[PDB]
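Reading the structure
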Amino acid sequence: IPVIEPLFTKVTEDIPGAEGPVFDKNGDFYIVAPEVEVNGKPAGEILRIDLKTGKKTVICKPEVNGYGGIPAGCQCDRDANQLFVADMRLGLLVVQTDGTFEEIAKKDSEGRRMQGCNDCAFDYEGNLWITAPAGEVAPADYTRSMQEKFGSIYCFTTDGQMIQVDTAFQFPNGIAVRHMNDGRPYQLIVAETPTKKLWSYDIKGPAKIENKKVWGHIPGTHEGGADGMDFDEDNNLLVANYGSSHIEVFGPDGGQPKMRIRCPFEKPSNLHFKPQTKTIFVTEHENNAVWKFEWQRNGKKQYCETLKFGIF
Ligand SMILES: [Ca+2]
Ligand SMILES: [Ca+2]
């Protein structure tokens, strides 16, 4: 498999469990620090990074009734410049730029208690597909599906429904949505970390997925596997292979990677493209840092980059 070795340039450092990189509607950059702790208890943070200086500013330190969150993944909204954040303890959060936030769901559409989330992906229809590898949200005792298959998948719809669309995953992690050229959402890709698998589903409509399939295979037998993921403008899927020192590049049809990207570290965690560029910001756990490198092309536009009142 072809492997490229692009220059990785340092962005920022010392962010415990550096995760969920995201750009907002203003082009501002954000990173989540799920692993920040205060006396052994979770006290996760959501930070804004000044790309010019690399200086950090924590805008939000989410906690509900004394229970600190473990913010792990982000997506920027389109109709409002707010961030939807997958939290391993609090579920789904909506965080404002001023640092204020709200807890979206205690329970799903079936009245079942909400599970802690890790990552999420907005489709062009505005529906948010979320991976839920943790057990029930706080106040429940923290649990994660690294060993047992109780990880779930949710779809938070435009009409405000938190619908569990699937479950029985062994740590569902990264997630991405494939769209047709006309903008129609038609395939969901879900990373199941320890099993070294990328699963796919046909999106038949909002909160409606069918035909679960093993879409791709993540290289290596190291501890870890597929973490964060995103598509480039040609629909190639770049997946951070935690523990392999590489970001895998799958073609539109999946299977085995068609190329790998060597990182100057062992634990790439998540990645995100800078709008209108080929620049991919990469978070990694070895140094709890953020880097950036130039990919072959621009990234696929995130939902936040689309236009509600767009003519074409
Ligand atoms: Ca993740
Ligand atoms: Ca991303």
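What counts and what doesn't
- Residues numbered from 1 in each chain as written, not as in the entry; some residues may be left out.
- Chains lettered and ligands numbered in written order.
- Heavy atoms only, no water.
- UniProt positions renumbered as here; feature names shortened; annotations may be inferred.
- Helix = DSSP H or I, 4+ residues; strand = E, 2+ residues; numbered from the N terminus.
- Rg over C-alpha atoms; globule rule 2.2 N^0.38 Å.
- Buried < 20%, exposed > 50% of the residue type's maximum accessible area, 1.4 Å probe, protein only.
- Contact = heavy atoms within 4.5 Å.
- Areas by Shrake-Rupley, 256 points an atom, 1.4 Å probe, with all protein chains shown as cover.
- 1 Å grid on protein atoms, 1.4 Å probe; cavity = no way out; pocket = protein on both sides within 12 Å on 5 of 7 lines; lining within 4 Å.
- Points joined across faces, edges and corners; volume = space filled by probe spheres on them.
- Nonpolar A, V, L, I, M, F, W, Y, C, P; charged D, E, K, R; others polar.
- Donors = N, O, S within 2.8 Å, 3.2 Å for Na, K, Ca; no water.
- Pairing = 2+ DSSP bridges.

The PDB entry annotates the protein as Diisopropylfluorophosphatase originating from Loligo vulgaris. UniProt, in the comment section headed Function, describes the protein in these words: "Biological function and substrate unknown. However, it is capable of acting on phosphorus anhydride bonds (such as phosphorus-halide and phosphorus-cyanide) in organophosphorus compounds (including nerve gases)." UniProt, in its Catalytic activity section for the protein, records the words "diisopropyl fluorophosphate + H2O = diisopropyl phosphate + fluoride + 2 H(+)".

The next subject is the overall build of the protein. Across its full length, the protein carries 0 helices and 29 strands. Taking 20 Å as the expected radius of gyration for a compact globule of 312 residues, we find that the protein reaches 17 Å, a close match to that expectation. A principal-axis box enclosing the C-alpha atoms of the protein has dimensions of 50 × 45 × 45 Å. Per-residue burial over the protein gives 59% buried out of 312 residues. Contacts in the protein between residues far apart in sequence, at least 24 positions, make up 49% of those at least 6 positions apart. For the protein, the exposed surface amounts to about 13200 Å²; the carbon and sulfur share of it is 45%.

Moving on to empty space enclosed by the protein. Applying the stated criterion to the full structure yields 2 cavities of 30 Å³ or more. A volume near 230 Å³ is recorded for the largest cavity. In terms of lining residues, the largest cavity is bounded by 23 residues, among which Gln75, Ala121, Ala176, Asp230 and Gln302 are the most central. For the lining of the largest cavity, a count of residues per class yields 13 nonpolar, 6 polar and 4 charged. Here the second largest cavity is characterised by a volume of approximately 50 Å³. What lines the second largest cavity is simply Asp230, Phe231, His272, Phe273, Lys300, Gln302 and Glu305. Residue assignment for the lining of the second largest cavity shows that the elements contributing at least two residues are strand 23 (225-231) and strand 27 (268-273). Of the residues assigned to the lining of the second largest cavity, the class counts are 2 nonpolar, 2 polar and 3 charged.

Time to look at the coordination of the calcium ion (ligand 1). Four donors placed tetrahedrally about a metal ideally form angles of 109.5 degrees, and six donors placed octahedrally ideally form angles of 90 or 180 degrees. Within the first shell, the calcium ion (ligand 1) binds the protein through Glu19 (OE), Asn118 (OD1), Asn173 (OD1) and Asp227 (OD), at distances of 2.4 to 2.5 Å. Of note, the calcium ion (ligand 1) draws all its donor residues from one chain, in the sequence arrangement E-x98-N-x54-N-x53-D. Remark: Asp227 occurs in strand 23 and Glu19 occurs in strand 3 (residues 19-23); sequence separation between them is 208 residues. Taken as a pair, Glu19 and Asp227 share a single burial class, namely buried.

On the UniProt side, "binding site: Ca(2+) 1" is annotated at positions that read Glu19, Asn118, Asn173 and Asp227 here. These annotated residues cover 209 residues of sequence, and their C-alpha atoms all fall within 11.8 Å of one another, placing them together at a single site. Considering only the residues just annotated, the largest pocket is lined by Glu19, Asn118, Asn173 and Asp227. Not counting residues within four places of it along the chain, the set of residues in contact with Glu19 comprises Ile31, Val32, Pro34, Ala72, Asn118, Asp227, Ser269, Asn270, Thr283 and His285. Beyond its immediate sequence surroundings of up to four residues, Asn118 is in contact with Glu19, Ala72, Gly73, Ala86, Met88, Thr131, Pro133, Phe171, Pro172 and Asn173.

Within the protein, the calcium ion (ligand 2) binds to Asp230 (OD), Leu271 (O) and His272 (ND1); these donor distances fall in the range 2.4 to 2.6 Å. Exposure remark for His272: the relative accessible area of 4% places this residue in the buried category.

A separate point is unusual backbone geometry. The step from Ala138 to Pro139 runs through a cis peptide bond, and the omega angle for that step is 0 degrees. Position of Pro139 among the secondary structure elements: in the loop between strand 16 (128-132) and strand 17 (151-156). In the Ramachandran plot, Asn39 falls in the positive-phi region, its phi being about 60 degrees despite a non-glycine side chain. With respect to the helices and strands, the residue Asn39 is situated in the loop between strand 5 (37-38) and strand 6 (41-42).

In this section: the layout of surface pockets. Approximately 640 Å³ is the volume found for the largest pocket. Lining the largest pocket are 28 residues, and of these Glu35, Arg144, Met146, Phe171 and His285 sit closest to its centre. Split into classes, the residues belonging to the lining of the largest pocket amount to 10 nonpolar, 10 polar and 8 charged. Each pocket or cavity is described by its volume, and for the second largest pocket that value is around 480 Å³. Together, 16 residues line the second largest pocket, and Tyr124, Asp182, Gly183, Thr306 and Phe312 are the ones closest to its centre. Of the residues belonging to the lining of the second largest pocket, the class tally is 4 nonpolar, 5 polar and 7 charged.

Time to look at the pairing of strand 7 (residues 45-49). In terms of residue burial, strand 7 counts as a mostly covered element, since 4 of its 5 residues are buried. Relative to strand 7, strand 4 (residues 29-33) runs antiparallel, the two sharing 5 bridges. Counted as the bridge partner of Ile31 is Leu47 from strand 7. Where strand 7 lies against strand 8 (residues 56-60), 4 bridges are found, and the strand directions are antiparallel. Along strand 8, the bridge assignment pairs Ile49 with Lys56.

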